[PDB]
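Q: Chains as they are written, first to last, in PDB author numbering: chain A, 454 to 502; chain B, 601 to 820; chain C, 404 to 544, 568 to 586, 593 to 797; chain D, 601 to 650. In this text, a Cβ means the ideal position worked out from N, Cα and C, and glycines have one as well.
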Ligand SMILES: O=c1[nH]c2cc(C(F)(F)F)c(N3CCOCC3)cc2n(CP(=O)(O)O)c1=O
Ligand SMILES: O=c1[nH]c2cc(C(F)(F)F)c(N3CCOCC3)cc2n(CP(=O)(O)O)c1=O
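Pasting the structure below:
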């Protein structure tokens, strides 16, 4: 959230110590790589028709 | 009379032949899509994305040639080509008789293709390169271990195996994909069949006139 | 097309000597990380392997571990064996193993170009109804007298008084054949207008289900070792075939493999990295094409010595470049834009026309 | 012989007719450059400036 500058969802629960690890279809984005750590991709994808 | 009638039927059968050819020539002209560039080069088939998400924001910020034009279209397309949820998008594709295409994540798409009534399919390669990963708090102890674990699983083909288990095996369809093989691709017997029934009908009519004729003769 | 020697490289020096995807990717990374660099080609010209005996790393991965270089910007595959000794940034290009076949060419008459317009099923029924009329007429007109007549009605069949019965039979049968020959003519015209030539089917599973078209991989490399170690259903059978296929379905180099596909008239398929494959498709004489999706999920990355300062910076830089679509842009620049071939342009080329003899020949025999 | 020869000529005249239809259909398919966008959509005809 731009205003409150607060992280939500799984990425949030990681930064605020709610969880120890996140195992889900979490996209590896630059904005997230800055606050948390992403392991190598376990599934490559993209936009399809 | 016989000459003019002959010239008359000549024109008609020629017209029938010529006309029947245009319907078959165009029938071949039809070329389903396959790539994203195909969506931009045409307008007959509408298309859109989710009203909110990285998918929509992708085209908006994309400076790539093809994707640019696509966004320009979707940005002012009426009615709204954007849907509220992913379910709405799929429903729009299933109820437009192939007049509406929906752009979404390949992962979720591939899964939908393996769900009843098996009436959806992914076409062409992906538009961009993304990837999911295991997230761990910055400077965690599980960091390095998990990272290597993912690499180990992929090399053992365990990751590919898991996907096959939940995407294709879990199906199911598993049937709609074997019919989508795209085998057939020619003319047909249907039309020609209609002319066969009218033939046998004529033969039967004659077989009736024969007996009937005989009877008449006898009477005489 | 990652790193190549520029045309007039002899008249140039420094980094200006080289050009390619990675050459541009280097400048981009250096711009976002803020540093000057000197492009250098690895000595032995290898990527990154580990000799079992000497336990020594070679190629770029080697020059990193032994302090010869500060960073590796090349199509270096992100493997577990390497991730242990060095650091890999997020993938700047996802790839996998693909299939390469000949150019979807086309050519063949075999009187079978006449039975196609008209389906085999239709040729059959038109023959069944053919004798179906010569038998009905046969009933209109002692054992030999039936043979001479059956041969006469068969001559009245072999196509060209007022017995109303068999009269309407000849008329209806004429109207029947009229429609058919009209359909054949019309349909054949459509064929002569569009004239689209498909091909086989993209799906590694298609290579295993058939044997007519041979296929193989490089005699040495991760590609070959993949099938050997793969426990997946489809890939298993494929390896079983290639493992004992005679003659050898494996080639010495990648060039040999491509040459084998271009000289087998579509009888030999070659399995290789999608990246190199896509590039080949964009090279003269444009007679090769990639079919189906990749067999596995790989990815190249920027390699940096374990515990380096450029580590985190470069990692983020790669992610930034991809999100700005700069990576996709670079690939398009060296693969398709700088390419020479064309597929969507060959289908957009509405032009062609000429009669041969093949089809007509089948009717002569 | 007369029957087979008839079926033979039938196919040929049908082929001639069908093919001749294609030579006129394609003759219409051909389009000439009307604007600049036409120069970009095709490659057969090269073009340049000073
Ligand atoms: O980390 C993320 N991972 C995601 C994974 C998936 C899925 F593919 F379902 F696993 C999806 N969907 C795709 C289809 O529509 C329904 C949900 C959204 C994701 N989003 C939201 P974005 O902002 O639209 O990318 C993320 O943020
Ligand atoms: O790090 C690696 N990066 C590689 C990059 C490429 C290319 F795609 F050309 F860039 C290739 N080729 C693919 C086509 O055949 C010719 C060479 C091999 C690579 N290998 C050897 P592997 O053991 O067979 O994977 C590596 O080890």
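Quick check on the DSSP output: what are the complete beta strand (DSSP E) runs of length 3 or more inside the segment 601-649 of chain C, in order along the chain?
A: 646-648, all fully within the segment 601-649 of chain C.
Q: Curious, which full-length alpha helix (DSSP H) runs of at least 4 residues does the segment 701-778 of chain C contain?
A: Here the runs fully enclosed are 706-712, 743-755, 758-764.
Q: Below 8 Å on the Cβ atoms is my guess for residue 732(B) versus residue 480(A); work out the distance and round it to an integer in Å.
A: Within the second chain, residue 732(B) is the residue found at index 132, counting from 1. Within the first chain, residue 480(A) is the residue found at index 27, counting from 1. Residue 732(B) to residue 480(A), Cβ: 6 Å. Contact.
Q: With hydrogens ignored, establish whether the beta-carbon of residue 478(A) is closer than 7 Å to any heavy atom of ligand 1.
A: Reading the first chain from its first residue, position 25 is the one you call residue 478(A). Flag set: Cβ of residue 478(A) near ligand 1.
Q: Report buried or exposed for residue 791(C), applying the criterion of at least 16 other Cβ atoms within 10 angstroms of its Cβ.
A: As a first step, residue 791(C) is located in the third chain; it is residue number 359 there, counting from the start. That one is buried.
Q: Any heavy atom of ligand 2 within a distance shorter than 7 Å of the CB on residue 762(B)?
A: For the purposes of this step, residue 762(B) is taken as the residue at position 162 of the second chain. Because no heavy atom of ligand 2 lies under 7 Å away, the Cβ of residue 762(B) does not count as near it: no.
Q: List the residues that DSSP assigns as beta-bridge partners of residue 489(A).
A: On the first chain, residue 489(A) is found 36 positions in, with the first residue counted as 1. The partner list for residue 489(A) (beta bridge, DSSP) reads 737(B).
Q: Can you give me, in chain order, the residues of the segment 429-455 of chain C that have a beta carbon less than 7 Å from any beta carbon in chain A?
A: Against chain A - using a Cβ distance shorter than 7 Å - the segment 429-455 of chain C contributes no residues.
Q: Relative to the C-alpha of residue 616(C), which residue among 605(D), 606(D), 604(D), 612(D) is closest?
A: For the purposes of this step, residue 616(C) is taken as the residue at position 184 of the third chain. The option with the nearest alpha carbon to residue 616(C) is 612(D).
Q: Going along chain A in order, which residues have a C-beta closer than 9 Å to the C-beta of residue 752(C)?
A: The residue given as residue 752(C) occupies position 320 in the third chain. By Cβ distance, chain A contributes 483.
Q: So, at 8 Å on beta carbons, what are the nonlocal neighbours of residue 655(C) in its own chain, with the 5 sequence-adjacent residues on each side left out?
A: By one-based count along the third chain, residue 655(C) stands at place 223. So the list reads 500, 649, 703, 704, 705, once near-sequence residues are dropped.
Q: Relative to chain B, which residues along the segment 505-522 of chain C have a C-beta separation below 9 Å, given in chain order?
A: For the segment 505-522 of chain C, which is checked against every Cβ of chain B, the residues closer than 9 Å are 519, 520, 521, 522.
Q: Note down the Cα distance separating residue 606(B) from residue 642(D), rounded to an integer number of angstroms.
A: Start at 1 with the first residue of the second chain, and residue 606(B) comes out as number 6. Start at 1 with the first residue of the fourth chain, and residue 642(D) comes out as number 42. Going from the Cα of residue 606(B) to the Cα of residue 642(D) covers about 48 Å.
Q: Can you name the start and end residues of the beta strand (DSSP E) that residue 505(C) belongs to?
A: Here the question's residue 505(C) lines up with position 102 in the third chain. 500-505 is the extent of the beta strand (DSSP E) around residue 505(C).
Q: What residue range is occupied by the uninterrupted alpha helix (DSSP H) comprising residue 793(B)?
A: In the second chain, the residue the question calls residue 793(B) occupies position 193. Per DSSP, residue 793(B) belongs to the alpha helix (DSSP H) from 790-819.
Q: Which of helix, strand or coil does DSSP assign to residue 407(C)?
A: Residue numbering aside, residue 407(C) sits at position 4 when the third chain is read from its first letter. Strand at residue 407(C).
Q: Cβ atoms of residue 423(C) and residue 406(C): under 8 Å apart, would you say?
A: The residue labelled residue 406(C) in the question sits at position 3 within the third chain. The residue labelled residue 423(C) in the question sits at position 20 within the third chain. Against a cut-off of 8 Å, the Cβ pair of residue 423(C) and residue 406(C) comes out as a contact.
Q: Let's test the definition: count the other Cβ atoms within 10 Å of the Cβ of residue 502(C) and tell me whether it reaches 16, buried, or not, exposed.
A: In the third chain, residue 502(C) corresponds to position 99, counting from 1. When all chains shown are included, residue 502(C) counts as buried.
Q: Taking CB distances under 8 Å as the criterion, tell me whether residue 625(B) reaches chain D.
A: Position 25 of the second chain, counted from the start, is the residue given in the question as residue 625(B). Yes, residue 625(B) lies at the interface with chain D (some Cβ there is under 8 Å from its Cβ).
Q: Determine the closest residue to residue 744(B) out of 496(A), 491(A), 498(A), with distance taken between C-alpha atoms.
A: Translated into positions along the second chain, residue 744(B) becomes position 144. Comparing Cα positions, the closest option is 491(A).
Q: Candidates 686(B), 640(B), 634(B), 633(B): which alpha carbon is nearest residue 653(B)'s?
A: Residue mapping note: residue 653(B) aligns to position 53 of the second chain, counting from 1. It is 686(B).
Q: Let me check understanding here. Comparing Cα to Cα, which of 772(B), 714(B), 785(B) lies closest to residue 630(C)?
A: Working through the third chain from its first residue, we reach residue 630(C) at position 198. Comparing Cα-Cα distances from residue 630(C) to each of 772(B), 714(B), 785(B), the minimum goes to 785(B).
Q: Between the segment 774-782 of chain B and the segment 710-725 of chain B, do at least 3 Cβ pairs fall closer than 8 Å?
A: Yes, since at least three Cβ pairs between the segment 774-782 of chain B and the segment 710-725 of chain B fall closer than 8 Å, the two stretches touch.
Q: I'd like to know whether the C-beta of residue 758(C) is nearer than 8 Å to at least one C-beta of chain D.
A: Your numbering for residue 758(C) matches position 326 in the third chain. Output row for residue 758(C): interface = no.
Q: For the alpha helix (DSSP H) containing residue 574(C), name the first residue and the last one.
A: The residue given as residue 574(C) occupies position 148 in the third chain. Here the alpha helix (DSSP H) through residue 574(C) covers 569-579.
Q: Report yes if the C-beta distance between residue 462(C) and residue 445(C) is below 8 Å; otherwise report no.
A: For the purposes of this step, residue 462(C) is taken as residue 59 along the third chain, with counting starting at 1. For the purposes of this step, residue 445(C) is taken as residue 42 along the third chain, with counting starting at 1. Yes, they are a contact pair.
Q: With 16 other CB atoms within 10 Å as the buried threshold, where does residue 670(C) fall?
A: Against the third chain, residue 670(C) aligns to sequence position 238. That one is buried.
Q: One question on the structure: do residue 672(B) and residue 626(C) come within less than 8 Å of each other, judged by their Cβ atoms?
A: Residue numbering aside, residue 672(B) sits at position 72 when the second chain is read from its first letter. Residue numbering aside, residue 626(C) sits at position 194 when the third chain is read from its first letter. It is not a contact, given that the beta carbons lie outside the stated cut-off.
Q: So, is the C-beta of residue 486(A) closer than 8 Å to a C-beta in chain C?
A: As a first step, residue 486(A) is located in the first chain; it is residue number 33 there, counting from the start. Yes, residue 486(A) lies at the interface with chain C (some Cβ there is under 8 Å from its Cβ).
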